[PDB]
Structures are given as structure tokens and as C-alpha cells.
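First comes one chain, alone, set out as C-alpha cells in the form deposited in one PDB entry.
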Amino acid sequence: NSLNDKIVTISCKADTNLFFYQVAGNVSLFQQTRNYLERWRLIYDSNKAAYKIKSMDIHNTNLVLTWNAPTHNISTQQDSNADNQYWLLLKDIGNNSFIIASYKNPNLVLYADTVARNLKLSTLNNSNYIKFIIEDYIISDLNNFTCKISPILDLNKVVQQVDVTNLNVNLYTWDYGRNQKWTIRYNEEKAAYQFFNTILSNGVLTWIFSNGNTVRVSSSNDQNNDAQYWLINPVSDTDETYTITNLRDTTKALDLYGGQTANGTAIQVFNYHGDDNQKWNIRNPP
């Protein structure tokens, strides 16, 4: 129920580069796609205390992870709320991973065949082949993602650090420079993110709260500054648009100064109102 209705990706403890991937009723293990083909909605039934694992496929909207009893095979089939479509999510504490057991027959759990790249049911053992990482899909998509960040007021411009010595942050036309790219990293403890500029090693997007609303890059070996960390919240209906709020004071949102789109325009923080100048596209660098 803390997992109910959550949209997650599921990857293999045995090979963290492999994700549960769905198409046309076939479940396979595939490299990260950061899209709906690897997203699943956990649906809780309190009576069974078990979950359906529903594919977020955009075309077939009612497919759920299904054990093809009496075989050991797994597929996605239409949701009929059957016991072989329910799963116990058993969190292995301290290992940050899950064993996923069939509700129909808990003797059997999901097993990752990393060389056939698919799933089967298996009895239990102590290997990582029966252990899975279940993660909120946004964290999954953004964690360790190297991106460029653009105001929705002009997608041809990016938030950039000025250069390697000049730590100021402003808006500029995209020119493919490393000062224009940022690697997002999720901090488990803080439940917050940092944005590391790729022109530096340890430089993070930071709210300089001792200078009002200024944001600059500074070093991440300043350790307990919440001002270095951010919440990244999706905007509804969109695949790439986010509001970005500061961990020190979550009412402070990354803000394009004035909504001005000229080269050199300040990036700052401002009280959150959700106007277009506080919305950001986080995107693959082409």
C-alpha cells in the first residue's frame, strides 16, 4: 500500500543493466529504455496482500505479469485478476532488493535468465538471479542520467555553467559544450538529487542562499548543504518537463529570471508558482 499504484521499473540484481521489458504479451530482459516499455504499475489487493504488476504499454492497456502455470514461463496476459497474476513483493532488508513470489504458489519466485534475457519461475536460492530492484520510474530514469536542461520558454537554450573557472549559471544557446551538460545523481539518504556539471568533477548546481536568490555551481565536498540538493517533480501530460525545487526550502523553485530568454539571462531560485518560467525540460543531449 506504500507501493500501491506506484509506477516503477524493475531491474535485475544479477545484472543491473537489465530491465523488465514488455511488448505484445512477451516479457523480456532489456537494456534501459527510459520509456513505457519498461514501466509497470504495482496494483495492491489488501485481501490477498499481493500485487498485480501491470504493464504501462500504451497500446494494450490491460496486460499484467502472468505465470503460465503449469510451465515455468512468464508472460503478460489480459488482467482477469487471477491468482497467477498476483505477486508477493518481499523486500530483502539490507540488500535493497526484492524477491518476487507467485501468490498462486509462493514456492516459486521470479528468476532472471540473463543469458536468454527472459524470466522464469524458480524455487528459492541465495543467488542474485531471484533478486530485483524496484524503483520509482522517475528516479530510475534520472539517476545517473547525463542531460541538458532547457526552459520550456525556449528549447533551443540551456541552463549552463559559464566556464570551468566561472561558476555562474545562466541561459545560453545549446552549443554541445560540457559546461552545458549535467549528470543527475539521486541521493538515497536525502531522497533528493544533485546536478553535477560535466565540465567539473565535483561541482553541483547550488542555491547560494546567503546571496538571496542566486544559484551557482559549487563543490560537492561541502557535505551537509541541503541547498545543493533538489526535488525533481514531473509535470502532468509531459514526458520531459519538470519542476525543480530546492531541498533547503522546497518553496524555492529553479526559476528563469523574468521569463527572459536572451543569452546570459540569470538562472535563480524563486518562490514556486508553477509559471512557465519555472518548468524545465530534462533531455538527452543529441
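Start at 1 with the first residue shown and count on from there. Rigid core here is just the name for the largest C-alpha set that superposes within 1.5 Å across the two forms.
Another form, the form deposited in another entry, is not on view; read the next lines as being about it.
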- prompt: After the core is matched up, is the C-alpha of residue 125 off by 2 Å or more between the shown form and the other one?
  reply: yes
message: Using the rigid core as the reference frame, would you say residue 116 shifts its C-alpha by 2 Å or more between the shown form and the other one?
response: no
- request: Look at residue 96 and decide if its Cα position differs by 2 Å or more between the shown form and the other one after superposing on the rigid core.
  value: yes
